[PDB]
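Listed here are the chains, written in short residue letters.
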Amino acid sequence: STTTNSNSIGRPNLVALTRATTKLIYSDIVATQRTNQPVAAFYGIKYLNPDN
Amino acid sequence: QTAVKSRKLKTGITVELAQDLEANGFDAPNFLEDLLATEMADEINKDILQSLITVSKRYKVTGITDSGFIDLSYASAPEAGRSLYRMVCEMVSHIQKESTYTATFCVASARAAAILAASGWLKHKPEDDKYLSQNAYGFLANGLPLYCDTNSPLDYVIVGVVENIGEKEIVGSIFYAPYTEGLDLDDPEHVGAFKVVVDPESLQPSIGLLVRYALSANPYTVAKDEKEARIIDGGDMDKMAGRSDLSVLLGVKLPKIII
Amino acid sequence: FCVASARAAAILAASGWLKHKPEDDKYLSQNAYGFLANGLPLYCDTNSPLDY
Amino acid sequence: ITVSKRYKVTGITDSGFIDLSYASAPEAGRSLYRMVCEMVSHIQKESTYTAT
Amino acid sequence: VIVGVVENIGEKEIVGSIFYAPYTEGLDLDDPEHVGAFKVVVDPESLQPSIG
Amino acid sequence: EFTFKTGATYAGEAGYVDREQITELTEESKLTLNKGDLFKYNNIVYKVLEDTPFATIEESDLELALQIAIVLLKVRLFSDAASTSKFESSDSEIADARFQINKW
Amino acid sequence: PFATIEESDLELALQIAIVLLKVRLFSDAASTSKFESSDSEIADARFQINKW
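Structure determination for this entry is recorded as cryo-EM, at 3.9 Å resolution.

In structure tokens, the structure reads:
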């Protein structure tokens, strides 16, 4: 009565990988613009009443 | 005006491990260069998301939101659920009151977002086929996309604005602005190059990765005790902490989850 | 039309029934906090000290 | 059933599961819906997947 | 009420609770979706067929 | 630990080797911090903005009281980018990236 | 089990345990060695038809 117990298995099949990466949300939460110098300066120009 | 800062990572592997990696299914030279990119991106979000926390002005009201943040309870209907949605909307107007902008995004903790979603009015996909761009919990009745955090240890809610009118006029809380121009790069979205060394004592190679970005607050956010000044460095968080306009934080107090 | 101050127009939106884009592709013309379910567009004041 | 990790909060969902009552409006049914939203969010905080 | 996740990004990366994963590769089958073969014996004491 | 689980940043001004010298938050060490000096908790490193934090905050639990300070601007998360001089002095502990594969 | 479970009703107390991981539903496929020993009581499938 040769069952499966007599047989010996081999390579277990690699069914599926599994990585864990967070939903990296920064392309939408903040506004990006590449800077072509080591120091980046943003101009804040304001409009003022005659009382500043 | 703010000078950029640098982030660096180095992993290193042994040739023996790389040799069997190919024999085990993966592509070691290609897989390894992917790991750093995932790591660096995963760290940048921990920087940007936790930069809004240390920049956004707290929004407090006398009646309930006093002492810093609003406390919710599971009992009695979506009454608690819709209460947060009210505090979300008031933060939008307060942005428009002072920063005159439309507040086109909202960020909250994973647990904090569910109660915001529990109030209804959180259809998964937007009615209008706008940017959507996935990466969002829902889209709210106000039309503001909602983004899940899962990282910041706060149980907070943050509302801010991102706008690029065009040409050079790009305005939004936390400016990021990576610095790689002038450097030989492939696929300019890479933002930084790699580097291999192979130390001499052993011979196992190592891989390095360098990234530079500005990550400064938006203007009209002068630091307290400085007020009248016109050279304000918007990079140092210690000066911009709380002294911002284009983003309002709101924590949530909830019972602890048993483990 | 319906006009309200910023703080007041928020609790009005907080009551639900304030979908951003109007149900019909009508005039809209932007410049509106919302469009309400009754059909009245809502316009944000941000100037008057009234909360009306 | 036998694999899924129990999700218990302190105030209400202690002892492993939550009890509801027919009385007083959807104030009971919607309480369950909040727990469904929390469970979905609790998955992404620890498993980072979308819970579809 | 149970909330889980099913994701099959593509290629071989497949992630989800309870993987099932039936095993029929190699066996002579009619259409790959049958998942399991039948059999008929007809015992000798009686003559009634039986299907397994 | 999993990157997404912690939320702490190791590549940057915080570093990893630098975390050894950073004072660990205790129930006793809370009433010593000042402006400047850093402090870490569960591998997440913060710096203190206003002198003597955890004084107006009367919450008994350590973890919750730390979370109170985040909103109250008393302390601030130190997840931040390193200054350019950190990785060019020939004595530079650069953060490491690690992985491991388990088979089910 | 059923020691920390104070519920008097047998059915509910059993249902209490399943959420507290004490007991476990035993719906589970048999090991391969069970249906090979030349002495295997395979389950039966029965059908009945009644006319209205």
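Talk me through the overall build of chain A; I want residue IDs and the actual numbers.
On a plain count of helices and strands, chain A comes out with zero helices and one strand. Computed over its C-alpha atoms, the radius of gyration of chain A comes to 31 Å, more than 25% above the 10 Å expected for a compact globule of 52 residues. Referenced to the eigenvectors of the C-alpha coordinate spread, the extents of chain A come out at roughly 105 × 25 × 10 Å. By residue count, 17% of the 52 residues in chain A fall in the buried class. By element, 49% of the accessible surface of chain A is carried by carbon and sulfur atoms, the whole surface being about 4,500 Å².

Tell me about the side chain of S56 of chain B, residues and numbers included.
Residues and elements named next belong to chain B. In this fold, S56 is placed in the loop between α2 (28-53) and β3 (57-58). Here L52 takes part through its backbone oxygen, which lies 2.6 Å from a polar atom of the side chain of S56. In contact with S56, not counting residues within four places along its chain, are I158, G242, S244, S247, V248 and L249.

Can you explain α2 of chain B? Please cite residues and give values.
When the terminal C-alpha atoms of α2 of chain B are compared, their 38 Å separation across 26 residues agrees well with the 38 Å that a helix rising 1.5 Å per residue should span. Most of α2 of chain B sits inside the fold, with 20 of its 26 residues counted as buried.

Any chance you could break down the state of the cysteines for me, citing the residues and the numbers?
Residues and elements named next belong to chain C. Under the criterion given, the structure shown has zero disulfides over all chains. This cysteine, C2, is not joined by any disulfide, and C44 carries the nearest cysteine sulfur, 11 Å off. By relative accessible area, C2 is classed as partly exposed at 23%.

Kindly report on helix α3 (residues 79-98) of chain B, identifying the contributing residues and their values.
Because the α-helix completes a turn every 3.6 residues, residues three or four places apart line up on one side. Across its 20 residues, α3 of chain B extends 29 Å between first and last C-alpha, which sits within 8% of the 28 Å expected from 1.5 Å per residue. The first or second residue beyond α3 of chain B is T100 of chain B, which carries a positive phi of 55°.

Got a sec to walk through the interface of chain B and chain F? Specific residues and values, please.
At the junction of the two partners, chain B supplies 39 residues and chain F supplies 34 residues. In this assembly, chain B packs against chain F so that about 3,300 Å² is buried in total across both faces, 63% of it on carbon and sulfur atoms. Put simply, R76 of chain F and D238 of chain B hold a salt bridge, and the shortest N to O gap is 2.3 Å. Taken together, the links from chain B to chain F amount to 15 residue pairs in polar contact. Within the residue set of the side of chain B that touches chain F, elements represented by two or more residues are β2 (5-10), α2, β11 (207-213) and α5 (237-240) of chain B. With 11 residues, the single largest contributor to the side of chain B that touches chain F is α2 of chain B. Among the residues making up the side of chain B that touches chain F, the classes are represented as 17 nonpolar, nine polar and 13 charged.

Just give me the short version of the sheet that holds strand β1 (residues 36-41) of chain F, but keep the residues and values in it.
Residue and element names in this part refer to chain F. Spatially, three strands are ordered β1-β2-β3 in an open sheet, and the strand pairing comes out antiparallel. Among the strands making up the open sheet, the edge pair consists of β1 and β3 (75-77). Strand-to-strand twist in this sheet, taken as the mean axis angle between neighbours without regard to direction, amounts to 30°. Summarising the sheet, β1 and strand β2 (residues 44-48) pair through five bridges and their orientation is antiparallel. Note on β2: the bridge partner recorded for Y41 is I44.

About the cut-offs
Sequence order sets the numbers: each chain starts from 1, possibly unlike the entry numbering, and residues with no coordinates are not included. The naming scheme follows written order: chains are lettered A onward, ligands numbered 1 onward. Values throughout refer to the chains shown here, themselves only part of a larger assembly. The side-chain numbers reported here are obtained from all heavy atoms of the structure, hydrogens and water having been left aside. Working definition: helices are DSSP H or I runs of at least four residues, strands are E runs of at least two. Numbering for both runs from the N terminus. We take the radius of gyration over the C-alpha atoms and set the globule estimate at 2.2 Å times the residue count to the 0.38 power. Classification of residues uses two cut-offs on accessible area relative to the type maximum, computed with a 1.4 Å probe and protein chains only: under 20% is buried, over 50% is exposed, and between them is partly exposed. In this description, accessible areas are obtained by the Shrake-Rupley approach with a 1.4 Å probe, and a residue is regarded as covered only by the protein chains that are shown. Two N or O atoms count as a polar contact when they lie within 3.5 Å, although within protein this holds only if one can serve as hydrogen donor and the other as acceptor, and sequence-adjacent residues are included solely when both atoms are side-chain atoms. Contact between two residues is taken to exist if any of their heavy atoms lie within 4.5 Å; hydrogens are not considered. Expected helix span is given by 1.5 Å per residue-to-residue step, counting one fewer step than there are residues. Here, a disulfide means two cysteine sulfur atoms that sit within 2.5 Å of each other. Accessible-area loss on putting two parts together, using a 1.4 Å probe and summing over both, is the definition of buried area adopted here. By definition, a salt bridge exists where a carboxyl oxygen of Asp or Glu is found within 4 Å of a side-chain nitrogen of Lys or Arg. As a working rule, the residues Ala, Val, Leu, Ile, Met, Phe, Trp, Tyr, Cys and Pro are called nonpolar, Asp, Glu, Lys and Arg charged, and the rest polar, with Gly in that last group. Two strands make a pair as long as DSSP finds a minimum of two bridges between them. A fitted line through C-alpha atoms serves as each axis, taken over the contacting stretch for helices, and the angle formed by two N-to-C directions is quoted from 0 to 180°.

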